[PDB]
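Read the single chain below, which is given as structure tokens and is the form deposited in one PDB entry.
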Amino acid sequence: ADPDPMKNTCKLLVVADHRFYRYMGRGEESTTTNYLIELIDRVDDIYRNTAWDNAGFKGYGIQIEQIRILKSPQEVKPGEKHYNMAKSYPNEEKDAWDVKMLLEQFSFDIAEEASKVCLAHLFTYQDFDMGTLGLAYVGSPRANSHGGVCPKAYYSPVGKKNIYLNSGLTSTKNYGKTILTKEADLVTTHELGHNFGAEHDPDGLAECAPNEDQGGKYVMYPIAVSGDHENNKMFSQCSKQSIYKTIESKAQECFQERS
């Protein structure tokens, strides 16, 4: 039962849309790719060091399998929408999409690709309302659940095709600024945390949402952590129970060796 290493890695499709390309990668393929390679690796460090059952079940994490860089916005006909299109939807006045809407759109458009990988993830640069940084579908052990690690076919029927909810997204813009790289790390940690099966930490449970002199909140706190408190970049026990339940199962399903 011990961690069969041949299956300890969730492989990622990483997608940078033209916004991220323009404003984070400075309109360069190289600068864009290296940002994302370095980020996923740093996030992997946190996952792989996490002992999900507080015992031997550790050394699990993520690794990029494919990077997609969309250097320009997606041509689109009136009526049409696409996650990489130049205008925000629904309200085209805003800097950004409605985030739920965005994650849906991306899940539609990237369907074919997502089928080939444990998770697909969009990195974008837009200023979602209310300090929203990203979103992702929560994974589950349940044989028939939708969302999270491991592609599992679902028929929409908003889109009229199979989609996989093994997805989530990260935005590196918040309240009119590029967020710090130490903040991006945590946004993606947390968004991938949802994929891996974690819910937000309950505000009540003192143990999984500690005070500042206890080390502060953990990474699955619903409100963004500032990042400097001891607990900020770590998973709470709540998160570990939820994720262990999902992983213990889903790992056999689609996790792989490091490639």
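Sequential numbering from 1, following the sequence displayed. Note that the rigid core is defined as the largest set of C-alphas that superpose within 1.5 Å between two forms.
Set 61-69 against 186-194 and average the Cα temperature factors; 61-69 ends up higher. In this entry, 206-214 shows the higher mean Cα temperature factor of the pair 206-214 and 46-54. For the set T172, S115, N162, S145, the PDB entry assigns the largest Cα B-factor to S145. When all modelled residues of the chain are sorted by CA temperature factor, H229 is found within the middle third. The entry lists a Cα temperature factor for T181 that places it in the lowest third of the chain's modelled residues. Split the chain's modelled residues into thirds by C-alpha temperature factor. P151 is in the middle one. Among all modelled residues in this chain, the alpha-carbon of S88 has a temperature factor (C-alpha) in the highest third. When the CA B factors of the chain's modelled residues are split into thirds, the value for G168 lands in the lowest one.
There is also a form deposited in another entry; it is not shown, and the following applies to it.
Note: rigid core superposed between this form and the one not shown; among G131, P90, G176, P157, the CA shift is 2 Å or more only at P157. A movement of the C-alpha atom of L205 reaching 2 angstroms or beyond is seen between this form and the one not shown when the two forms are aligned on their rigid core. Relative to this conformation, a decrease of 3 Å or more in the Cα-Cα distance between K245 and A206 is found in the other form.
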